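A.B. asks: Next input, structure requested:
(3 chains)
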Amino acid sequence: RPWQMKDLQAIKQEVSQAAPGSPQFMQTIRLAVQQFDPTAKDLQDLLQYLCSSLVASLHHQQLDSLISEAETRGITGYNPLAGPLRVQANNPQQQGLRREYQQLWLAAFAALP
Amino acid sequence: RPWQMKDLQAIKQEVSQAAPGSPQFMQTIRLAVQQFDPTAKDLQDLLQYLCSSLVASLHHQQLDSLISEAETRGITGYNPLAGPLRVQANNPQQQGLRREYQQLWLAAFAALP
Amino acid sequence: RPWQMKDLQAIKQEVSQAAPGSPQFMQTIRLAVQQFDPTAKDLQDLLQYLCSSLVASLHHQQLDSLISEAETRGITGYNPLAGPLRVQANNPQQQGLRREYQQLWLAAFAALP
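C.D. replies: Numbering: from 1, shown residues only, chains lettered A, B, ... in the order given. Shown next is the protein structure:
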């Protein structure tokens, strides 16, 4: 049951004033993601929806660095021989992957300033 | 039948102006808690959405003290050999613990100002 | 079809300007009660939601007076061998008791001033 249009518009409107990485932005986005459990595809939809392309690029760089760090350290069930981290997360049989991807996404978003 | 994004958005918006623990906030939060019948996990999510980390920490300490006294006295449904009240309240077959957790939560949050 | 968050939040939204006993307050309360046909549980929830604790206490004094008067006089389907009207209105198969309780509720609210 991925978010429809109205859910995403409520999400966008509530955070009009707050700048990326602010506590309010992070709070609301954390609620949304932890309520809907969206795969990487849908998180990309949301990120391209809310902020500009510059913020998306910054987030992508930060998320790539975080993926490298937390994948060399180790992940509970990351089998990197069966596809990249993004693809495994989007599989609906890899709940752990979805959870870790969501946490990495949120950390990268919070790590702008 | 857990709450959805719209319910949380309405709960936060209706009480944006008021202060934590004000009679208005207490009315709305008590109604939500008594209506949706949530466990500890959902209550933690709601608190993270509503108030900042400072208010979250203060409520955490106050609720720790309240749960401390309550379950140190001894409660009808609490069996300390299975886990902390935060975990028993998350099992849907322990509604007594869930209601006690809800009431300790609301009282603790009301005791802030 | 017991009311959710949205219904009660509306009710309080349009019962915010007026004061208890005023024509608007009673209009809205009577409409809601006549529509959802709520028992004593939901009625007490609605009252705790709407007004301060002082007004709720006053209303309950008036309601106890009305209920005592009616039980002395006699109710069509009230059988005191099982429990008070207070508890007889929670059973879904006692529509008469529930509607009588709703009417005493509305009267006691209308007679506050």
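A.B. asks: count of residues packed around residue A:10?
C.D. replies: 16 (other C-beta atoms under 10 Å in any protein chain shown). No exception for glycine: its C-beta is placed from N, CA and C like everyone else's.
A.B. asks: Tell me which other helices or strands the helix or strand containing it touches.
C.D. replies: Secondary-structure element containing residue A:10, defined by DSSP states H and E: helix A:5-14. Packed against helix A:5-14 by the contact rule (3 or more C-beta pairs under 8 Å, 6 or more residues apart in numbering or on different chains; DSSP states H and E) you find helix A:23-36, helix A:40-50, helix B:5-14.
A.B. asks: for the residue lying farthest from the centre of chain A, helix, strand, or coil?
C.D. replies: Computed with C-alpha atoms, centre = their mean, the residue of chain A farthest from its C-alpha average is residue A:81, at 22.7 Å. Reduced to three states with DSSP: H, G, I helix; E, B strand; the rest coil, the structure at residue A:81 is helix.
A.B. asks: Okay, it and chain B: tell me how far apart.
C.D. replies: With distances taken as C-beta to the nearest C-beta, to the nearest Å, residue A:81 is found 34 Å from chain B.
A.B. asks: same question, residue A:62
C.D. replies: For residue A:62 relative to chain B (C-beta to the nearest C-beta), the value is 21 Å.
A.B. asks: Could you say which helix or strand holds that residue?
C.D. replies: Counting by DSSP H and E, residue A:62 is found in helix A:53-73.
A.B. asks: Could you pull up the contacting residues of the nearest residue to residue A:12 once chain neighbours are set aside?
C.D. replies: Sequence neighbours aside, residue A:50 is the residue nearest to residue A:12 in space, at 5.8 Å (criterion: C-beta to C-beta, 6 or more residues apart in numbering or on different chains). Listed by C-beta atoms under 8 Å, 6 or more residues apart in numbering or on different chains, the contact set of residue A:50 reads A:11, A:12, A:15, A:20.
A.B. asks: The last one: neighbour count?
C.D. replies: Read it as residue A:20. For residue A:20, the neighbour count with other C-beta under 10 Å is 20.
A.B. asks: Contact residues of chain A facing chain B?
C.D. replies: Within chain A, the residues that sit near chain B (C-beta under 8 Å from any C-beta of the partner chain) are A:3, A:7, A:10-11, A:14, A:23, A:27-28, A:30-32, A:34-36.
A.B. asks: so which of those residues comes closest to chain C?
C.D. replies: residue A:10 (14.0 Å; C-beta to the nearest C-beta).
A.B. asks: returning to that earlier point: the residue nearest to residue A:12 and residue A:18: what is the separation?
C.D. replies: With distances taken as C-beta to C-beta, to the nearest Å, residue A:50 is found 10 Å from residue A:18.
A.B. asks: again, but for residue A:11
C.D. replies: 12 Å.
A.B. asks: Neighbour count: those two, which is higher?
C.D. replies: Set residue A:11 next to residue A:18 and count neighbours by other C-beta under 10 Å: residue A:11 wins out with 21 against 14.
A.B. asks: contacting residues around stretch A:13-23?
C.D. replies: Here stretch A:13-23 has contacts from A:24-25, A:28-29, A:50-51, A:55, A:109-113, B:9, B:52-53, using C-beta under 8 Å, 6+ apart.
A.B. asks: Can you tell me which of these is nearest residue C:61?
C.D. replies: residue B:9 (37.4 Å; C-beta to C-beta).
A.B. asks: right, and the closest one touches residue A:7 too?
C.D. replies: No: counting by C-beta atoms under 8 Å, residue B:9 stays clear of residue A:7, with 9.5 Å between them.
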